[PDB]
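Below is the file target.pdb, which contains PDB, C-alpha atoms.
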ATOM      1  CA  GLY U   1      -4.005  19.205  22.744  1.00  0.00           C
ATOM      2  CA  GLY U   2      -5.496  19.510  19.228  1.00  0.00           C
ATOM      3  CA  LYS U   3      -4.924  17.085  16.309  1.00  0.00           C
ATOM      4  CA  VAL U   4      -4.492  17.711  12.599  1.00  0.00           C
ATOM      5  CA  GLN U   5      -4.997  14.595  10.487  1.00  0.00           C
ATOM      6  CA  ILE U   6      -4.502  14.516   6.754  1.00  0.00           C
ATOM      7  CA  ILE U   7      -5.002  11.075   5.259  1.00  0.00           C
ATOM      8  CA  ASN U   8      -4.691  10.016   1.631  1.00  0.00           C
ATOM      9  CA  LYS U   9      -5.649   6.466   0.780  1.00  0.00           C
ATOM     10  CA  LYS U  10      -5.379   6.218  -2.975  1.00  0.00           C
ATOM     11  CA  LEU U  11      -5.034   3.000  -5.000  1.00  0.00           C
ATOM     12  CA  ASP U  12      -6.232  -0.271  -3.464  1.00  0.00           C
ATOM     13  CA  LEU U  13      -6.760  -3.407  -5.569  1.00  0.00           C
ATOM     14  CA  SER U  14      -7.947  -6.278  -3.405  1.00  0.00           C
ATOM     15  CA  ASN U  15      -8.866  -9.754  -4.584  1.00  0.00           C
ATOM     16  CA  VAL U  16     -10.212 -12.482  -2.309  1.00  0.00           C
ATOM     17  CA  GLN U  17     -10.934 -15.873  -3.851  1.00  0.00           C
ATOM     18  CA  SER U  18     -11.881 -18.908  -1.750  1.00  0.00           C
ATOM     19  CA  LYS U  19     -13.134 -22.469  -2.339  1.00  0.00           C
ATOM     20  CA  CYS U  20     -14.430 -24.696   0.487  1.00  0.00           C
ATOM     21  CA  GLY U  21     -15.301 -28.439   0.508  1.00  0.00           C
ATOM     22  CA  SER U  22     -15.013 -28.743  -3.296  1.00  0.00           C
ATOM     23  CA  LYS U  23     -15.494 -32.305  -4.648  1.00  0.00           C
ATOM     24  CA  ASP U  24     -15.494 -31.481  -8.365  1.00  0.00           C
ATOM     25  CA  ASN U  25     -14.067 -32.354 -11.825  1.00  0.00           C
ATOM     26  CA  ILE U  26     -12.327 -29.555 -13.781  1.00  0.00           C
ATOM     27  CA  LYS U  27     -11.319 -29.913 -17.465  1.00  0.00           C
ATOM     28  CA  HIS U  28      -9.707 -27.462 -19.954  1.00  0.00           C
ATOM     29  CA  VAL U  29     -10.248 -24.192 -18.005  1.00  0.00           C
ATOM     30  CA  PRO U  30      -8.234 -21.030 -18.971  1.00  0.00           C
ATOM     31  CA  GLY U  31      -8.270 -17.806 -16.867  1.00  0.00           C
ATOM     32  CA  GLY U  32      -9.261 -19.164 -13.416  1.00  0.00           C
ATOM     33  CA  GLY U  33      -6.820 -17.160 -11.230  1.00  0.00           C
ATOM     34  CA  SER U  34      -6.473 -13.364 -10.868  1.00  0.00           C
ATOM     35  CA  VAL U  35      -4.700 -10.415 -12.549  1.00  0.00           C
ATOM     36  CA  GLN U  36      -3.866  -6.941 -11.233  1.00  0.00           C
ATOM     37  CA  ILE U  37      -2.255  -4.468 -13.577  1.00  0.00           C
ATOM     38  CA  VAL U  38      -1.455  -0.813 -12.963  1.00  0.00           C
ATOM     39  CA  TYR U  39      -0.049   0.886 -16.044  1.00  0.00           C
ATOM     40  CA  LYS U  40       2.003   4.164 -16.073  1.00  0.00           C
ATOM     41  CA  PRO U  41       0.557   5.679 -12.777  1.00  0.00           C
ATOM     42  CA  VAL U  42       1.759   9.217 -11.950  1.00  0.00           C
ATOM     43  CA  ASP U  43       1.161  10.468  -8.411  1.00  0.00           C
ATOM     44  CA  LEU U  44       1.867  14.244  -8.473  1.00  0.00           C
ATOM     45  CA  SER U  45       0.066  15.468  -5.322  1.00  0.00           C
ATOM     46  CA  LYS U  46       1.042  18.287  -2.943  1.00  0.00           C
ATOM     47  CA  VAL U  47       0.167  18.399   0.754  1.00  0.00           C
ATOM     48  CA  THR U  48       1.021  21.488   2.815  1.00  0.00           C
ATOM     49  CA  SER U  49       0.357  22.444   6.450  1.00  0.00           C
ATOM     50  CA  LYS U  50       1.262  26.055   7.267  1.00  0.00           C
ATOM     51  CA  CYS U  51       0.732  25.665  10.989  1.00  0.00           C
ATOM     52  CA  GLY U  52       1.269  27.823  14.094  1.00  0.00           C
ATOM     53  CA  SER U  53       3.142  26.793  17.245  1.00  0.00           C
ATOM     54  CA  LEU U  54       2.573  23.545  19.153  1.00  0.00           C
ATOM     55  CA  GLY U  55       3.232  22.593  22.758  1.00  0.00           C
ATOM     56  CA  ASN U  56       3.229  24.648  25.934  1.00  0.00           C
ATOM     57  CA  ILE U  57       4.013  28.359  26.322  1.00  0.00           C
ATOM     58  CA  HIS U  58       3.942  30.461  29.526  1.00  0.00           C
ATOM     59  CA  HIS U  59       4.364  34.245  29.952  1.00  0.00           C
TER      60      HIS U  59
ATOM     61  CA  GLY P   1       0.628  18.506  23.329  1.00  0.00           C
ATOM     62  CA  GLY P   2      -0.865  18.747  19.808  1.00  0.00           C
ATOM     63  CA  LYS P   3      -0.306  16.261  16.938  1.00  0.00           C
ATOM     64  CA  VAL P   4       0.125  16.810  13.216  1.00  0.00           C
ATOM     65  CA  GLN P   5      -0.397  13.653  11.169  1.00  0.00           C
ATOM     66  CA  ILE P   6       0.094  13.496   7.438  1.00  0.00           C
ATOM     67  CA  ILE P   7      -0.425  10.028   6.013  1.00  0.00           C
ATOM     68  CA  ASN P   8      -0.122   8.894   2.407  1.00  0.00           C
ATOM     69  CA  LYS P   9      -1.098   5.332   1.629  1.00  0.00           C
ATOM     70  CA  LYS P  10      -0.832   5.007  -2.120  1.00  0.00           C
ATOM     71  CA  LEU P  11      -0.504   1.747  -4.081  1.00  0.00           C
ATOM     72  CA  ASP P  12      -1.717  -1.487  -2.477  1.00  0.00           C
ATOM     73  CA  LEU P  13      -2.263  -4.662  -4.518  1.00  0.00           C
ATOM     74  CA  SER P  14      -3.461  -7.482  -2.295  1.00  0.00           C
ATOM     75  CA  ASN P  15      -4.398 -10.977  -3.402  1.00  0.00           C
ATOM     76  CA  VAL P  16      -5.755 -13.652  -1.071  1.00  0.00           C
ATOM     77  CA  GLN P  17      -6.496 -17.070  -2.543  1.00  0.00           C
ATOM     78  CA  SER P  18      -7.456 -20.057  -0.381  1.00  0.00           C
ATOM     79  CA  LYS P  19      -8.727 -23.623  -0.896  1.00  0.00           C
ATOM     80  CA  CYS P  20     -10.030 -25.786   1.976  1.00  0.00           C
ATOM     81  CA  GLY P  21     -10.918 -29.524   2.072  1.00  0.00           C
ATOM     82  CA  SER P  22     -10.636 -29.906  -1.724  1.00  0.00           C
ATOM     83  CA  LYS P  23     -11.136 -33.493  -3.002  1.00  0.00           C
ATOM     84  CA  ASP P  24     -11.135 -32.744  -6.736  1.00  0.00           C
ATOM     85  CA  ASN P  25      -9.716 -33.694 -10.178  1.00  0.00           C
ATOM     86  CA  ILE P  26      -7.964 -30.945 -12.192  1.00  0.00           C
ATOM     87  CA  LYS P  27      -6.960 -31.381 -15.870  1.00  0.00           C
ATOM     88  CA  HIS P  28      -5.339 -28.990 -18.409  1.00  0.00           C
ATOM     89  CA  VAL P  29      -5.863 -25.679 -16.526  1.00  0.00           C
ATOM     90  CA  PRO P  30      -3.834 -22.546 -17.558  1.00  0.00           C
ATOM     91  CA  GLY P  31      -3.853 -19.279 -15.520  1.00  0.00           C
ATOM     92  CA  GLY P  32      -4.848 -20.563 -12.041  1.00  0.00           C
ATOM     93  CA  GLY P  33      -2.395 -18.526  -9.898  1.00  0.00           C
ATOM     94  CA  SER P  34      -2.029 -14.726  -9.613  1.00  0.00           C
ATOM     95  CA  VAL P  35      -0.243 -11.820 -11.356  1.00  0.00           C
ATOM     96  CA  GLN P  36       0.609  -8.325 -10.111  1.00  0.00           C
ATOM     97  CA  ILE P  37       2.230  -5.907 -12.506  1.00  0.00           C
ATOM     98  CA  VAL P  38       3.048  -2.245 -11.967  1.00  0.00           C
ATOM     99  CA  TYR P  39       4.459  -0.616 -15.083  1.00  0.00           C
ATOM    100  CA  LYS P  40       6.527   2.651 -15.180  1.00  0.00           C
ATOM    101  CA  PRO P  41       5.093   4.240 -11.914  1.00  0.00           C
ATOM    102  CA  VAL P  42       6.312   7.788 -11.161  1.00  0.00           C
ATOM    103  CA  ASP P  43       5.724   9.114  -7.647  1.00  0.00           C
ATOM    104  CA  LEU P  44       6.448  12.884  -7.786  1.00  0.00           C
ATOM    105  CA  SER P  45       4.655  14.181  -4.659  1.00  0.00           C
ATOM    106  CA  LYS P  46       5.647  17.042  -2.339  1.00  0.00           C
ATOM    107  CA  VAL P  47       4.777  17.233   1.356  1.00  0.00           C
ATOM    108  CA  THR P  48       5.647  20.360   3.353  1.00  0.00           C
ATOM    109  CA  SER P  49       4.991  21.392   6.969  1.00  0.00           C
ATOM    110  CA  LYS P  50       5.914  25.014   7.711  1.00  0.00           C
ATOM    111  CA  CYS P  51       5.387  24.703  11.441  1.00  0.00           C
ATOM    112  CA  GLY P  52       5.937  26.921  14.501  1.00  0.00           C
ATOM    113  CA  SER P  53       7.807  25.947  17.670  1.00  0.00           C
ATOM    114  CA  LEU P  54       7.224  22.740  19.644  1.00  0.00           C
ATOM    115  CA  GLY P  55       7.882  21.859  23.268  1.00  0.00           C
ATOM    116  CA  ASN P  56       7.892  23.978  26.402  1.00  0.00           C
ATOM    117  CA  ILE P  57       8.694  27.692  26.714  1.00  0.00           C
ATOM    118  CA  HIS P  58       8.636  29.859  29.874  1.00  0.00           C
ATOM    119  CA  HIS P  59       9.077  33.648  30.222  1.00  0.00           C
TER     120      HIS P  59
ATOM    121  CA  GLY B   1       5.263  17.786  23.924  1.00  0.00           C
ATOM    122  CA  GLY B   2       3.765  17.962  20.401  1.00  0.00           C
ATOM    123  CA  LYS B   3       4.308  15.417  17.581  1.00  0.00           C
ATOM    124  CA  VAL B   4       4.737  15.888  13.849  1.00  0.00           C
ATOM    125  CA  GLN B   5       4.198  12.693  11.867  1.00  0.00           C
ATOM    126  CA  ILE B   6       4.684  12.458   8.138  1.00  0.00           C
ATOM    127  CA  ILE B   7       4.146   8.964   6.785  1.00  0.00           C
ATOM    128  CA  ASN B   8       4.440   7.756   3.202  1.00  0.00           C
ATOM    129  CA  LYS B   9       3.445   4.183   2.498  1.00  0.00           C
ATOM    130  CA  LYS B  10       3.704   3.781  -1.245  1.00  0.00           C
ATOM    131  CA  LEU B  11       4.015   0.480  -3.138  1.00  0.00           C
ATOM    132  CA  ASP B  12       2.790  -2.714  -1.468  1.00  0.00           C
ATOM    133  CA  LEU B  13       2.226  -5.927  -3.444  1.00  0.00           C
ATOM    134  CA  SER B  14       1.018  -8.697  -1.162  1.00  0.00           C
ATOM    135  CA  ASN B  15       0.063 -12.208  -2.197  1.00  0.00           C
ATOM    136  CA  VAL B  16      -1.303 -14.830   0.190  1.00  0.00           C
ATOM    137  CA  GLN B  17      -2.061 -18.274  -1.212  1.00  0.00           C
ATOM    138  CA  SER B  18      -3.032 -21.211   1.012  1.00  0.00           C
ATOM    139  CA  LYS B  19      -4.320 -24.781   0.570  1.00  0.00           C
ATOM    140  CA  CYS B  20      -5.630 -26.879   3.487  1.00  0.00           C
ATOM    141  CA  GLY B  21      -6.535 -30.610   3.661  1.00  0.00           C
ATOM    142  CA  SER B  22      -6.260 -31.070  -0.128  1.00  0.00           C
ATOM    143  CA  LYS B  23      -6.778 -34.681  -1.331  1.00  0.00           C
ATOM    144  CA  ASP B  24      -6.779 -34.007  -5.081  1.00  0.00           C
ATOM    145  CA  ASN B  25      -5.368 -35.034  -8.504  1.00  0.00           C
ATOM    146  CA  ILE B  26      -3.607 -32.334 -10.576  1.00  0.00           C
ATOM    147  CA  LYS B  27      -2.610 -32.850 -14.245  1.00  0.00           C
ATOM    148  CA  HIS B  28      -0.981 -30.518 -16.834  1.00  0.00           C
ATOM    149  CA  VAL B  29      -1.488 -27.166 -15.018  1.00  0.00           C
ATOM    150  CA  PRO B  30       0.555 -24.064 -16.116  1.00  0.00           C
ATOM    151  CA  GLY B  31       0.554 -20.757 -14.144  1.00  0.00           C
ATOM    152  CA  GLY B  32      -0.442 -21.965 -10.639  1.00  0.00           C
ATOM    153  CA  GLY B  33       2.023 -19.897  -8.541  1.00  0.00           C
ATOM    154  CA  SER B  34       2.407 -16.094  -8.334  1.00  0.00           C
ATOM    155  CA  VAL B  35       4.203 -13.232 -10.137  1.00  0.00           C
ATOM    156  CA  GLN B  36       5.074  -9.716  -8.965  1.00  0.00           C
ATOM    157  CA  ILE B  37       6.702  -7.355 -11.410  1.00  0.00           C
ATOM    158  CA  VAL B  38       7.538  -3.688 -10.946  1.00  0.00           C
ATOM    159  CA  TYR B  39       8.953  -2.128 -14.097  1.00  0.00           C
ATOM    160  CA  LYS B  40      11.035   1.127 -14.262  1.00  0.00           C
ATOM    161  CA  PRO B  41       9.612   2.789 -11.028  1.00  0.00           C
ATOM    162  CA  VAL B  42      10.848   6.345 -10.349  1.00  0.00           C
ATOM    163  CA  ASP B  43      10.272   7.745  -6.861  1.00  0.00           C
ATOM    164  CA  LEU B  44      11.014  11.507  -7.079  1.00  0.00           C
ATOM    165  CA  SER B  45       9.231  12.876  -3.976  1.00  0.00           C
ATOM    166  CA  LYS B  46      10.239  15.779  -1.715  1.00  0.00           C
ATOM    167  CA  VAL B  47       9.375  16.049   1.976  1.00  0.00           C
ATOM    168  CA  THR B  48      10.263  19.212   3.908  1.00  0.00           C
ATOM    169  CA  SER B  49       9.616  20.320   7.503  1.00  0.00           C
ATOM    170  CA  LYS B  50      10.557  23.952   8.171  1.00  0.00           C
ATOM    171  CA  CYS B  51      10.033  23.719  11.907  1.00  0.00           C
ATOM    172  CA  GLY B  52      10.597  25.997  14.921  1.00  0.00           C
ATOM    173  CA  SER B  53      12.467  25.077  18.106  1.00  0.00           C
ATOM    174  CA  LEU B  54      11.872  21.914  20.146  1.00  0.00           C
ATOM    175  CA  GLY B  55      12.531  21.104  23.785  1.00  0.00           C
ATOM    176  CA  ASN B  56      12.555  23.285  26.876  1.00  0.00           C
ATOM    177  CA  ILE B  57      13.375  27.002  27.111  1.00  0.00           C
ATOM    178  CA  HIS B  58      13.331  29.232  30.227  1.00  0.00           C
ATOM    179  CA  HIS B  59      13.790  33.026  30.498  1.00  0.00           C
TER     180      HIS B  59
END
Would you write out, as structure tokens, the structure that this file holds?
Amino acid sequence: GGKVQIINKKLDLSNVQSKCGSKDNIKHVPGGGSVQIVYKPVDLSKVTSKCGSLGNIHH
Amino acid sequence: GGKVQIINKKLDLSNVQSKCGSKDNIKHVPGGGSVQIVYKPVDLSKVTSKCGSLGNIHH
Amino acid sequence: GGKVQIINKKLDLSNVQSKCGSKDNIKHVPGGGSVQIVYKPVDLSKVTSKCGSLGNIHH
């Protein structure tokens, strides 16, 4: 058959926080969570594929 | 047959927070959750596919 | 047959928070939930597909 694959994976911000079996005392704690900021992102890409014919031809 | 695949995966902000079996005391805690901000994003991409014929032709 | 696939997955903000079997005391806690803000997003993309014929032709 013949495949053409063009794959763009750009911006990924992942954040995995876990606590298990915690028997603790917490007092006066700022900034314990999570923050994700993306500021003024411009995504100006071009993707072309000048391709021939596909499928089945008989003569 | 013949495939053409063009895939753009751009902006992904994932956030996974979990707590299991927590037997704890929490006092005066700011910023424990999660924040996701995207500010003024401009997505100005072009994707073309000048392609031939597809399917089945007989002569 | 012959496929053409053009896929744009752009902005994804996911947020998964879970608590299991929690036997705890919580006092005076701001910002425990979740926030998702998208500010002034402009999505100005172009996608073309100058393609040939599809299907079945006989001569």
Inset, instruction - In the coordinate frame of the file, compute which residues have an atom within 8 Å of (-5.4, -26.7, -17.1) when using all atoms listed in the file, and state them as a VMD selection string. - result: (chain U and resid 27 to 30) or (chain P and resid 26 to 32) or (chain B and resid 27 to 30)
Legend entry - Test item: chain B residues at most 9 Å from chain U, counting all atoms listed in the file, as number ranges by chain: B: 1-3, 24, 31-32, 45, 52
Selected residues, C-alpha atoms, written as an mmCIF file, in the coordinates of the input, please.
data_model
loop_
_atom_site.group_PDB
_atom_site.id
_atom_site.type_symbol
_atom_site.label_atom_id
_atom_site.label_comp_id
_atom_site.auth_asym_id
_atom_site.auth_seq_id
_atom_site.Cartn_x
_atom_site.Cartn_y
_atom_site.Cartn_z
ATOM 1 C CA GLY B 1 5.263 17.786 23.924
ATOM 2 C CA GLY B 2 3.765 17.962 20.401
ATOM 3 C CA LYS B 3 4.308 15.417 17.581
ATOM 4 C CA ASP B 24 -6.779 -34.007 -5.081
ATOM 5 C CA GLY B 31 0.554 -20.757 -14.144
ATOM 6 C CA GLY B 32 -0.442 -21.965 -10.639
ATOM 7 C CA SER B 45 9.231 12.876 -3.976
ATOM 8 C CA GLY B 52 10.597 25.997 14.921
#
With 4 Å of padding per side, what axis-aligned box (centre and edge lengths, Å, one decimal) covers all the listed atoms of range 11-20 of chain B? Give it as lines of an AutoDock Vina configuration file.
center_x = -0.8
center_y = -13.2
center_z = 0.0
size_x = 17.6
size_y = 35.4
size_z = 14.9
Write only C-alpha atoms for range 5-51 of chain U from the block just shown, as a short mmCIF file (atom, residue, chain, number, x, y, z; two decimals), in the first residue's frame.
data_model
loop_
_atom_site.label_atom_id
_atom_site.label_comp_id
_atom_site.auth_asym_id
_atom_site.auth_seq_id
_atom_site.Cartn_x
_atom_site.Cartn_y
_atom_site.Cartn_z
CA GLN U 5 3.03 9.69 8.33
CA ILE U 6 3.75 13.21 9.45
CA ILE U 7 3.38 13.70 13.18
CA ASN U 8 3.86 16.87 15.20
CA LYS U 9 3.64 16.57 18.96
CA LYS U 10 4.50 19.99 20.30
CA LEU U 11 3.64 21.34 23.77
CA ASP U 12 2.97 18.86 26.58
CA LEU U 13 2.93 19.94 30.24
CA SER U 14 2.21 16.98 32.49
CA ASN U 15 2.08 17.01 36.27
CA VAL U 16 1.51 13.91 38.40
CA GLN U 17 1.36 14.36 42.16
CA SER U 18 0.39 11.52 44.52
CA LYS U 19 0.34 10.87 48.28
CA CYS U 20 -0.26 7.40 49.76
CA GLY U 21 -0.91 6.32 53.40
CA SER U 22 -0.07 9.78 54.80
CA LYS U 23 -0.55 10.12 58.59
CA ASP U 24 0.94 13.60 59.02
CA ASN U 25 0.47 17.11 60.51
CA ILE U 26 0.62 20.10 58.11
CA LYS U 27 0.77 23.73 59.32
CA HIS U 28 1.07 27.07 57.44
CA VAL U 29 2.15 25.73 54.00
CA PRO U 30 1.88 28.00 50.88
CA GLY U 31 2.45 26.72 47.30
CA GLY U 32 1.71 22.97 47.71
CA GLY U 33 -0.36 22.39 44.53
CA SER U 34 0.64 22.92 40.88
CA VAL U 35 0.73 25.70 38.24
CA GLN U 36 0.88 25.51 34.44
CA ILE U 37 1.15 28.73 32.50
CA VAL U 38 1.62 29.19 28.76
CA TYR U 39 2.01 32.84 27.81
CA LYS U 40 1.45 34.32 24.28
CA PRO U 41 2.23 31.07 22.26
CA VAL U 42 2.25 31.48 18.45
CA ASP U 43 2.11 28.31 16.36
CA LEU U 44 2.93 29.36 12.76
CA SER U 45 3.96 26.05 11.14
CA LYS U 46 3.40 24.85 7.56
CA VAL U 47 3.04 21.21 6.53
CA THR U 48 2.79 20.29 2.84
CA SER U 49 2.58 16.95 1.01
CA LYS U 50 2.88 17.27 -2.78
CA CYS U 51 2.01 13.65 -3.45
#
